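Reviewing the structure listed below.
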Amino acid sequence: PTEXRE
Amino acid sequence: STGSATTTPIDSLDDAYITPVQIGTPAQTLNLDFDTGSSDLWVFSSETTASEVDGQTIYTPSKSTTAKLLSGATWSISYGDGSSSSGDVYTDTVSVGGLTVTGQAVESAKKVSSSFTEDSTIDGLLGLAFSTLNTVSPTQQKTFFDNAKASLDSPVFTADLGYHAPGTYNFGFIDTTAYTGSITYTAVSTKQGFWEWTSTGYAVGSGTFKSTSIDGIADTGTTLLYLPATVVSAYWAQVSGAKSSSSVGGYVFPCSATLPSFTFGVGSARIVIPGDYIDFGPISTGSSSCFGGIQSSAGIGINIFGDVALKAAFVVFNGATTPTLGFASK
């Protein structure tokens with residue numbers, strides 16, 4: 001899984 | 001001016017979606033991860049540290065006759081992943097599905113996280129949130145969509161992700177062929193620089209719809225659906241065996257179980273995610289515990305409508321002077 005900005 | 005490109009999942013779990021894009025002259029084709037929740041176009045490159053590239057296709061700016069250093073310009077980006085990437089910056093010609101954009105900022109990675117080096121199918125990211133999030137300094141750059149807007153027939157792209165299957169990104173038009181019934185458009189807040197909208201409630205399976213406002217972001221760059229602790233608890237309460245695990249860090253359920261669908265509200269309309277989309281398979285190879293695709297937002301600070309929810313809809317990012325988000329059934 002990926003969790004694209006922070 | 002329009003453009004359609006095929007997007008393809010990178011694994012059988014649909015963790016992410018890759019789209020071929022053409023950079024440079026003559027063209028170097030890189031598979032990019034179209035990310036509506038960031039604003040940077042970045043690519044593995046001839047400058048990337050060679051202990052950090054592992055089967056990825058690299059962008060060689062020295063072979064592009066359209067490529068030019070943006071002197072002094074520089075980038076660093078951090079994701080909710082904890083993912084990191086950084087380096088220097090080029091302008092070049094970038095084409096997506098035959099829609100060409102010249103002087104696109106192409107941010108060349110000198111440095112890339114573990115997470116990225118580990119992922120061989122992704123050659124970089126193409127960010128499609130709002131440009132205020134772009135990271136390049138001292139001069140902030142604009143996104144590929146912003147650079148195309150004006151040239152486009154309609155200043156709009158759609159997302160039509162497939163479940164275990166390719167789909168399409170369209171730029172400049174709405175394929176009235178691709179969805180069923182009506183598109184429901186809903187207001188977008190640009191204030192944090194996200195495709196940020198507000199959903200009008202939820203149902204779990206064939207249960208009663210609870211009208212409650214859920215603020216979150218349309219993010220094709222995130223795999224899972226991230227919803228408040230309250231909502232996610234109601235979901236897994238309906239699946240015998242499901243529990244939140246400290247060990248694995250999320251709701252898991254016995255692989256043998258039956259996922260109920262999840263309904264989200266867009267205005268007076270309703271999008272059902274079939275329970276099958278919510279199965280992300282065994283938490284480890286051989287395990288009979290399976291990973292759920294609806295997890296708690298409580299530790300991000302934002303609710304994310306990620307691939308699990310968007311793949312269930314035909315989604316329009318209207319990027320007009322007054323941006324709006326459309327959903328249809330497909």
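As shown in the structure tokens, the chain order sets the letters A, B, ...; within each chain, residues go from 1, and ligands are also counted from 1 in the order they appear.
For residue B:237, the non-local neighbours within 12 Å, defined as residues at least 5 positions apart in the same chain or in other chains and counting only C-alpha atoms, are residues 204, 205, 229, 230, 231, 232, 242, 243, 244, 251, 252, 253, 259 and 260 of chain B.
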Preceding selection exported with N, CA, C and O atoms as a PDB file, in the first residue's frame:
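This went into part_24.pdb:
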```pdb
ATOM      1  N   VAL B 204     -23.423   0.573   5.770  1.00  0.00           N
ATOM      2  CA  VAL B 204     -22.676  -0.679   5.774  1.00  0.00           C
ATOM      3  C   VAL B 204     -23.575  -1.838   5.359  1.00  0.00           C
ATOM      4  O   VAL B 204     -24.549  -2.144   6.019  1.00  0.00           O
ATOM      5  N   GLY B 205     -23.237  -2.445   4.232  1.00  0.00           N
ATOM      6  CA  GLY B 205     -24.059  -3.461   3.609  1.00  0.00           C
ATOM      7  C   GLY B 205     -25.448  -2.972   3.262  1.00  0.00           C
ATOM      8  O   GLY B 205     -25.645  -1.933   2.618  1.00  0.00           O
ATOM      9  N   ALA B 229     -12.773   6.752  13.023  1.00  0.00           N
ATOM     10  CA  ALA B 229     -12.775   5.541  13.860  1.00  0.00           C
ATOM     11  C   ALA B 229     -14.193   5.044  14.076  1.00  0.00           C
ATOM     12  O   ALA B 229     -14.442   3.841  14.004  1.00  0.00           O
ATOM     13  N   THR B 230     -15.113   5.957  14.287  1.00  0.00           N
ATOM     14  CA  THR B 230     -16.538   5.664  14.432  1.00  0.00           C
ATOM     15  C   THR B 230     -17.060   4.864  13.256  1.00  0.00           C
ATOM     16  O   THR B 230     -17.715   3.826  13.444  1.00  0.00           O
ATOM     17  N   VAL B 231     -16.768   5.304  12.048  1.00  0.00           N
ATOM     18  CA  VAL B 231     -17.404   4.721  10.821  1.00  0.00           C
ATOM     19  C   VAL B 231     -16.785   3.351  10.566  1.00  0.00           C
ATOM     20  O   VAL B 231     -17.447   2.361  10.308  1.00  0.00           O
ATOM     21  N   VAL B 232     -15.472   3.300  10.663  1.00  0.00           N
ATOM     22  CA  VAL B 232     -14.709   2.064  10.413  1.00  0.00           C
ATOM     23  C   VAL B 232     -15.036   1.005  11.416  1.00  0.00           C
ATOM     24  O   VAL B 232     -15.171  -0.166  11.070  1.00  0.00           O
ATOM     25  N   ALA B 242     -13.470 -10.002  12.647  1.00  0.00           N
ATOM     26  CA  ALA B 242     -12.576  -8.836  12.361  1.00  0.00           C
ATOM     27  C   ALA B 242     -12.114  -8.244  13.682  1.00  0.00           C
ATOM     28  O   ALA B 242     -12.903  -8.081  14.612  1.00  0.00           O
ATOM     29  N   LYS B 243     -10.843  -7.894  13.790  1.00  0.00           N
ATOM     30  CA  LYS B 243     -10.408  -7.064  14.940  1.00  0.00           C
ATOM     31  C   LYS B 243      -9.293  -6.132  14.497  1.00  0.00           C
ATOM     32  O   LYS B 243      -8.623  -6.414  13.505  1.00  0.00           O
ATOM     33  N   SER B 244      -9.114  -5.052  15.212  1.00  0.00           N
ATOM     34  CA  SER B 244      -7.920  -4.204  15.104  1.00  0.00           C
ATOM     35  C   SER B 244      -6.750  -4.886  15.838  1.00  0.00           C
ATOM     36  O   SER B 244      -6.935  -5.210  17.007  1.00  0.00           O
ATOM     37  N   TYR B 251      -7.233  -3.053  10.957  1.00  0.00           N
ATOM     38  CA  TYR B 251      -8.268  -4.105  11.008  1.00  0.00           C
ATOM     39  C   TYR B 251      -7.851  -5.254  10.082  1.00  0.00           C
ATOM     40  O   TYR B 251      -7.469  -4.956   8.947  1.00  0.00           O
ATOM     41  N   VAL B 252      -7.909  -6.458  10.591  1.00  0.00           N
ATOM     42  CA  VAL B 252      -7.789  -7.704   9.832  1.00  0.00           C
ATOM     43  C   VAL B 252      -9.043  -8.554  10.012  1.00  0.00           C
ATOM     44  O   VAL B 252      -9.771  -8.330  10.970  1.00  0.00           O
ATOM     45  N   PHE B 253      -9.301  -9.478   9.102  1.00  0.00           N
ATOM     46  CA  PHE B 253     -10.460 -10.381   9.228  1.00  0.00           C
ATOM     47  C   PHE B 253     -10.122 -11.772   8.723  1.00  0.00           C
ATOM     48  O   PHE B 253      -9.165 -11.963   7.987  1.00  0.00           O
ATOM     49  N   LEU B 259     -17.091 -10.056   2.957  1.00  0.00           N
ATOM     50  CA  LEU B 259     -17.101  -8.586   3.198  1.00  0.00           C
ATOM     51  C   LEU B 259     -18.410  -7.990   2.756  1.00  0.00           C
ATOM     52  O   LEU B 259     -18.880  -8.174   1.626  1.00  0.00           O
ATOM     53  N   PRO B 260     -19.095  -7.279   3.660  1.00  0.00           N
ATOM     54  CA  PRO B 260     -20.266  -6.511   3.173  1.00  0.00           C
ATOM     55  C   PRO B 260     -19.836  -5.306   2.377  1.00  0.00           C
ATOM     56  O   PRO B 260     -18.735  -4.758   2.529  1.00  0.00           O
TER      57      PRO B 260
END
```
Helix (DSSP H, G or I) residues, from DSSP on the backbone, in stretch 231-271 of chain B, as a VMD selection string: chain B and resid 231 to 236
Spatial neighbours of residue A:1, max dist 9 Å, only C-alpha atoms, sep filter under 3 positions, as a list in words: residues 13, 14, 15, 16, 81, 222, 223 and 224 of chain B
Save out the residues we just selected, N, CA and C atoms, as a PDB file, in the first residue's frame.
```pdb
ATOM      1  N   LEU B  13      -3.256  -6.980  -6.103  1.00  0.00           N
ATOM      2  CA  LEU B  13      -3.928  -6.388  -4.925  1.00  0.00           C
ATOM      3  C   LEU B  13      -4.441  -4.973  -5.285  1.00  0.00           C
ATOM      4  N   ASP B  14      -4.028  -4.489  -6.425  1.00  0.00           N
ATOM      5  CA  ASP B  14      -4.249  -3.123  -6.906  1.00  0.00           C
ATOM      6  C   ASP B  14      -3.675  -2.121  -5.893  1.00  0.00           C
ATOM      7  N   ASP B  15      -2.448  -2.302  -5.469  1.00  0.00           N
ATOM      8  CA  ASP B  15      -1.838  -1.409  -4.463  1.00  0.00           C
ATOM      9  C   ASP B  15      -1.701   0.001  -5.045  1.00  0.00           C
ATOM     10  N   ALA B  16      -1.397   0.047  -6.316  1.00  0.00           N
ATOM     11  CA  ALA B  16      -1.129   1.263  -7.074  1.00  0.00           C
ATOM     12  C   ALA B  16      -1.375   1.050  -8.562  1.00  0.00           C
ATOM     13  N   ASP B  81       2.838   8.129   3.774  1.00  0.00           N
ATOM     14  CA  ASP B  81       3.678   6.939   3.729  1.00  0.00           C
ATOM     15  C   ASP B  81       4.841   7.045   4.716  1.00  0.00           C
ATOM     16  N   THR B 222      -3.229   6.951  -2.868  1.00  0.00           N
ATOM     17  CA  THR B 222      -3.395   6.089  -1.670  1.00  0.00           C
ATOM     18  C   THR B 222      -4.208   4.859  -2.010  1.00  0.00           C
ATOM     19  N   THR B 223      -3.773   3.713  -1.536  1.00  0.00           N
ATOM     20  CA  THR B 223      -4.430   2.427  -1.863  1.00  0.00           C
ATOM     21  C   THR B 223      -5.786   2.349  -1.185  1.00  0.00           C
ATOM     22  N   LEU B 224      -5.835   2.644   0.113  1.00  0.00           N
ATOM     23  CA  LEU B 224      -6.947   2.125   0.942  1.00  0.00           C
ATOM     24  C   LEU B 224      -7.979   3.258   1.142  1.00  0.00           C
TER      25      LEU B 224
END
```
Residues near stretch 266-278 of chain B, cut-off 9 Å, only C-alpha atoms, skip fewer than 3 positions along chain, as a PyMOL selection string: chain B and resi 163+184-186+198-203+205+224-225+258-263+291-294+308-313+326-329
Please produce an output containing N, CA and C atoms for each residue in the selection, written as a compact mmCIF listing (two decimals), in the first residue's frame.
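This is the output file again-v2.txt:
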```txt
# COMPACT_ATOMS: atom_id res chain seq x y z
N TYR B 163 -10.90 -2.51 -11.10
CA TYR B 163 -10.69 -3.48 -9.99
C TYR B 163 -10.09 -4.74 -10.61
N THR B 184 -22.78 13.07 -10.32
CA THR B 184 -23.09 14.00 -9.23
C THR B 184 -21.89 14.82 -8.83
N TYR B 185 -21.98 16.13 -9.06
CA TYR B 185 -20.84 17.02 -8.81
C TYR B 185 -20.94 17.60 -7.40
N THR B 186 -19.83 17.71 -6.70
CA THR B 186 -19.87 18.18 -5.31
C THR B 186 -18.75 19.16 -5.06
N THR B 198 -16.61 16.92 0.68
CA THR B 198 -17.33 16.50 1.90
C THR B 198 -18.43 15.52 1.57
N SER B 199 -18.35 14.32 2.13
CA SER B 199 -19.32 13.26 1.78
C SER B 199 -20.48 13.30 2.76
N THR B 200 -21.65 12.85 2.37
CA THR B 200 -22.89 13.16 3.07
C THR B 200 -23.36 11.98 3.90
N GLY B 201 -22.61 10.88 3.89
CA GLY B 201 -22.93 9.84 4.89
C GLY B 201 -22.41 8.49 4.45
N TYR B 202 -22.96 7.43 5.02
CA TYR B 202 -22.46 6.07 4.73
C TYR B 202 -23.51 5.04 5.10
N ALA B 203 -23.46 3.91 4.44
CA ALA B 203 -24.18 2.70 4.90
C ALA B 203 -23.21 1.52 4.89
N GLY B 205 -23.24 -2.45 4.23
CA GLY B 205 -24.06 -3.46 3.61
C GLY B 205 -25.45 -2.97 3.26
N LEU B 224 -5.84 2.64 0.11
CA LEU B 224 -6.95 2.12 0.94
C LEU B 224 -7.98 3.26 1.14
N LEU B 225 -9.08 2.95 1.76
CA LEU B 225 -10.09 3.92 2.24
C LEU B 225 -9.83 4.26 3.72
N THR B 258 -16.86 -12.90 4.74
CA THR B 258 -17.63 -12.33 3.60
C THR B 258 -17.74 -10.83 3.81
N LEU B 259 -17.09 -10.06 2.96
CA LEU B 259 -17.10 -8.59 3.20
C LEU B 259 -18.41 -7.99 2.76
N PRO B 260 -19.10 -7.28 3.66
CA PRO B 260 -20.27 -6.51 3.17
C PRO B 260 -19.84 -5.31 2.38
N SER B 261 -20.70 -4.84 1.47
CA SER B 261 -20.36 -3.62 0.72
C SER B 261 -20.32 -2.40 1.62
N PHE B 262 -19.71 -1.35 1.13
CA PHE B 262 -19.65 -0.05 1.79
C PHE B 262 -20.18 1.05 0.88
N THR B 263 -21.19 1.76 1.33
CA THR B 263 -21.83 2.85 0.58
C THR B 263 -21.37 4.21 1.06
N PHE B 291 -6.09 -8.65 5.25
CA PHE B 291 -6.02 -7.22 5.46
C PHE B 291 -7.22 -6.50 4.89
N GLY B 292 -7.87 -5.68 5.70
CA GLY B 292 -9.04 -4.93 5.26
C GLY B 292 -8.64 -3.69 4.49
N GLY B 293 -9.53 -3.18 3.65
CA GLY B 293 -9.19 -2.03 2.81
C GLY B 293 -9.94 -0.78 3.26
N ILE B 294 -10.69 -0.85 4.34
CA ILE B 294 -11.18 0.30 5.12
C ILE B 294 -10.51 0.34 6.50
N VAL B 308 -9.49 2.30 -3.19
CA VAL B 308 -10.62 1.40 -2.88
C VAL B 308 -11.96 2.07 -3.13
N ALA B 309 -12.05 3.37 -2.90
CA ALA B 309 -13.35 4.06 -3.10
C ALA B 309 -13.44 4.61 -4.52
N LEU B 310 -12.33 5.11 -5.04
CA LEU B 310 -12.40 5.72 -6.39
C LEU B 310 -12.58 4.65 -7.46
N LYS B 311 -12.04 3.46 -7.26
CA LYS B 311 -12.15 2.43 -8.30
C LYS B 311 -13.57 1.98 -8.49
N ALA B 312 -14.43 2.31 -7.53
CA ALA B 312 -15.84 1.96 -7.57
C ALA B 312 -16.66 3.01 -8.29
N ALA B 313 -16.04 4.14 -8.62
CA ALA B 313 -16.73 5.23 -9.30
C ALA B 313 -16.04 5.69 -10.56
N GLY B 326 -16.85 15.27 -9.58
CA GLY B 326 -18.04 14.46 -9.93
C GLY B 326 -17.80 12.99 -9.63
N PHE B 327 -18.80 12.29 -9.15
CA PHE B 327 -18.87 10.83 -9.10
C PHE B 327 -20.01 10.28 -9.95
N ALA B 328 -19.72 9.25 -10.74
CA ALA B 328 -20.81 8.41 -11.25
C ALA B 328 -20.57 6.95 -10.92
N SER B 329 -21.65 6.19 -10.96
CA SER B 329 -21.61 4.74 -11.03
C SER B 329 -21.02 4.29 -12.35
```
Who sits within 9 Å of residue B:19, only C-alpha atoms, same chain under 3 positions skipped, as a VMD selection string: chain B and resid 5 to 8 30 to 34 96 168 to 169
Gap from atom CA of residue B:23 to atom CA of residue B:177 - Å, one decimal: 29.7 Å
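Distances from B:69, B:257, B:77, B:89 to chain A were compared using only C-alpha atoms, and the smallest one belongs to B:77.
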Surrounding residues of residue A:4 excluding itself and chain neighbours under 6 positions, 8 Å, only C-alpha atoms, as a ChimeraX atom specification: /B:35,37-38,79-81,219-222
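Between atom CA of residue B:10 and atom CA of residue B:157 the separation is 21.6 Å.
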Spatial neighbours of residue B:144, max dist 9 Å, only C-alpha atoms, sep filter under 5 positions, as a ChimeraX atom specification: /B:39-41,94,101,104-105,126-128,149
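Considering the residues B:145, B:59, B:116, B:44 and counting only C-alpha atoms, residue B:318 has its shortest atom-to-atom contact with B:145.
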Stretch 44-278 of chain B: residues DSSP assigns to strand (DSSP E), reported as JSON, numbers by chain: {"B": [68, 69, 70, 71, 72, 73, 74, 75, 76, 77, 78, 84, 85, 86, 87, 88, 89, 90, 91, 92, 93, 94, 95, 96, 99, 100, 101, 102, 103, 104, 105, 106, 107, 108, 109, 110, 111, 112, 124, 125, 126, 127, 156, 157, 158, 159, 160, 167, 168, 169, 170, 171, 180, 181, 182, 183, 184, 185, 186, 187, 196, 197, 198, 199, 200, 201, 202, 203, 204, 210, 211, 212, 213, 214, 215, 216, 217, 218, 225, 226, 227, 243, 244, 245, 250, 251, 252, 253, 254, 262, 263, 264, 265, 266, 269, 270, 271, 272, 273]}
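In this model, the gap between atom CA of residue B:28 and atom CA of residue B:106 comes to 12.5 Å.
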